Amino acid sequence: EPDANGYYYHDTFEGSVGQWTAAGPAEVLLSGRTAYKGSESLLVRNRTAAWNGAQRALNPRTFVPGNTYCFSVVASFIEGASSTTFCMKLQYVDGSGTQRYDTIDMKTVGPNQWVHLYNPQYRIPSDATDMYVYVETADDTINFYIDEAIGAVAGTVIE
């Protein structure tokens, strides 16, 4: 079911936001201000809390709970702080019907520099439903950009 390169989803943000939406009162939109690949990335703005960010639903048919998968996205920011800590996380619902977050990867970086959020061997909890991959920063509300968001078979190598 994955593509040639073992990718289940691959969002370049070149003309489309894919299944990506905003979390919180924020807004996500295509932007040509900066890009990692191509001419555009996804801009995340109007954040008022750190927990605000960008998210994308995961199909339970494709991403089977209890199994391992590779997730990757590149992120950067331009202004608002001297540094930040990006978090890519799994937002999901557990066996008790309560929403939880599980960290997939996190990276600290300065302004104007792409950083690679990456985990080729992330295990999705077995009791997980209503899953979303979720990107945010740890402790601020700056605008930020993401590009090349990928979800792939476990062990997939992304440089």
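Counting begins at 1, following the sequence as shown.
Higher mean CA B-factor, judged across 128-136 and 35-43 from the recorded values: 35-43. Between 6-14 and 144-152, it is 6-14 that carries the larger average Cα temperature factor according to the deposited entry.
Across 121, 62, 103, 99, the entry's maximum B-factor at the CA atom is seen for 62. In the PDB entry, a CA B factor belonging to the lowest third of its chain's modelled residues is recorded for residue 91. Ranked within its chain, residue 85 lands in the middle third, by CA B factor from the PDB record. In the deposited entry, the Cα temperature factor of residue 26 places it in the highest third of its chain's modelled residues.
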